[PDB]
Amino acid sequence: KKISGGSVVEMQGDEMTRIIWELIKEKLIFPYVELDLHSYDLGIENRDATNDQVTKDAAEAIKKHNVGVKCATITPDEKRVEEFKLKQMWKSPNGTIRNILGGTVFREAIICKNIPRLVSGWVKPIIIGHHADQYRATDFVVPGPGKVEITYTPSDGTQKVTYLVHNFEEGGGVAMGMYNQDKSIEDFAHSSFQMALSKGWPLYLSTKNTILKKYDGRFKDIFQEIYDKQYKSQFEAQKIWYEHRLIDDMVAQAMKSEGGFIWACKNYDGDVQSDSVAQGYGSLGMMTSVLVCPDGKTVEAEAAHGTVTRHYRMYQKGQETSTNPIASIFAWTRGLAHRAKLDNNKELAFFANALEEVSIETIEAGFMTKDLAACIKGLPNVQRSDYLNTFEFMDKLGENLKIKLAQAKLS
């Protein structure tokens, strides 16, 4: 008998991650779990043939079913449009899914004891939620002298208000306007509080409300009042807390820490690709994300990395690859964990736990892909004997998962 897993939305993607994804299904999920599988094919070719309709259906299906697990997908640029002979430059599937579901993206690196962290003392997870404000900035060029003003015009016909941004008296420059709605800050707080409670770690919000007393102040105030009104009691009953920190203070305290907290980052750039610390552990192969909706009901899980084109080109040319499947595995285990939580499914919750722990324990036992060996050894000194290829590593996790599940049949 396999475990009854229930309703899961699954999105197939592109290139190397598509390959790894099928291995995870074939070798780690399907042998143990029976799913009411809502599979959508978000490969670039299927997205093109359906005029991106598959991406919309998949999003609507997560809304309906509450648990999405997504493979990484090609976001087409002009070079991909030539490669695939695409009908048009299809928007990022991630963009499409985000704006339908709403939510806050939380990223977390998976800790192995034998894999050096940026701070050696980091042994508990650090979980970063970003809002999105560069993404809704209206920026322009100031060609020469003149006034830049930002104005608020009430919908109710009361007096417009005007604020001077700058009087350019000599020469030009550059100017932009940025906003946040109360509604989005409330969603971000709720997603942020829901996560801390569910992982049982404390929550920090970092801002620069010393400089931006109004803009960042609003984030501090909404978080604080939603905490007091709605979450304080639950937090104290898990012996955790919420606290606001100035960014300077948060960074300082985080580098002194052991980890084990949620960090809500009111920030200009929330991209993984521009975050040194995300990029200064193992690979993006050890970075997982979850989109958490404010309801605390609906979750979408993916690897924080891309389709690993470089490795895929090697795999088409027949050459040996060593691609880290951990972030992709943890998309599955976080989705199934959330499935298990919604359905009070003790067996699926155990299984999801077992697969996370077999993943960490396999790497901790010395069995790893090249990227992780390069972290221990330095890339110049890595030998073939220090690591496993993609298929060798997936077979080793399969071996260990079988053994841990056989042993667990004593409870």
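The first residue of the sequence shown is number 1, and the count goes up from there. The term rigid core refers to the maximal set of C-alpha atoms that superpose within 1.5 Å between the two forms.
- Put simply, when the other structures in 5 other deposited structures of this protein are lined up on the rigid core, the C-alpha atoms of 259-267 lie farther off than those of the other stretch, from 259-267 and 109-117.
- Here the rigid core sets the fit, and in 5 other deposited structures of this protein the C-alphas of 172-180 stray farther than those of the other stretch, out of 172-180 and 299-307.
- Compared with other PDB entries of the same protein, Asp139 is present in all of those that resolve the residues around it, none of them, let alone a third, dropping it.
- Gap check for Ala132 to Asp133: 1 to 3 deposited residues are absent from the model.
- Averaged over Cα atoms, the B-factor as recorded in the entry is higher for 117-125 than for the other of 117-125 and 322-330.
- As listed in the deposited structure, the average C-alpha B-factor of 71-79 and of 150-158 is greater for 71-79.
- For the set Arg107, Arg310, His305, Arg339, the PDB entry assigns the largest Cα B-factor to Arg310.
- Reading the B-factor column for the CA atoms of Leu284, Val292, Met176, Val165 in the entry, the top value corresponds to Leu284.
- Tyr387 sits in the middle third of its chain by CA B factor, as recorded in the PDB entry.
- In this PDB entry, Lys377 carries a Cα temperature factor that places it within the highest third of its chain's modelled residues.
- In the deposited entry, the Cα temperature factor of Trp201 places it in the middle third of its chain's modelled residues.
- Looking at the C-alpha B-factors along this chain, the one for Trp263 belongs to the lowest third.
- In the deposited entry, the Cα temperature factor of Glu399 places it in the highest third of its chain's modelled residues.
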